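In structure tokens, one chain follows: the form solved without the DNA.
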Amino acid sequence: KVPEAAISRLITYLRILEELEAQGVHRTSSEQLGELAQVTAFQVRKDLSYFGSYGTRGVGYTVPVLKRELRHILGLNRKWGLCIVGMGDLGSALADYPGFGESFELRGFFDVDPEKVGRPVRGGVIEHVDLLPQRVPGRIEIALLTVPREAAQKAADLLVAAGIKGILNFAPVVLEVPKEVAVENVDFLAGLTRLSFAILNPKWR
């Protein structure tokens, strides 16, 4: 029954576990995890317990064990195929992103603008969206959607028909996709607006 927020905190806990490891720390605790993640110790334990990670009495959690557990729950211990649709300014930027990690592998780059289709990129070349159906099935599970707002939906349509499994949407719009498809939004205009609201209303936050 896990709430959507918990999953986002796990992600944060895991990032924290990676930093602890790099520092050579073997054991951590809910108190420490909470301090570094800005949430109550109780919350940390509540989140972890959802999935069965409890740790050891008066000792806490073993860093590498919890890390293995979280990376498994979050599916980060798999290799996911990725693609970018919309090789504009942001798309080209994400193509050169050096922090995808070992968990996410760019296996395609697509666009409809002929000026872009054919252009060489790190990891390959830009292909026309028309080729999505002979590139996605069994090769690309996630697609980063980076096209203008007025084109996102239609692009998502191609993606879905092509057999995509998940879409990370950067367009400021709500995509209509079948329920077998996962969608997650990265809308920074909304983020900017929430910041504006928060600046004017300090007691709120």
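Numbers for residues come from their place in the sequence shown, where the first is 1.
If you look for the form deposited with the DNA bound, you will not find it shown, but the lines that follow are about it.
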Check: Heavy atoms within 4.5 Å of the DNA in the entry with it bound: which of the stretches 149-157, 134-142, 38-46, 176-184 has them?
Finding: 38-46
Next item on the list: Have a look at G34, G55, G166, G163 for me and say which one sits with a heavy atom within 4.5 Å of the DNA in the entry with it bound.
Entry: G55
Note to self: Considering non-hydrogen atoms and a 4.5 Å limit, does the DNA approach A5 in the entry with it bound?
What the structure shows: yes
Next item on the list: Sequence order please: the residues of 57-86 with a heavy atom within 4.5 Å of the DNA in the entry with it bound.
Entry: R57, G58, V59, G60, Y61
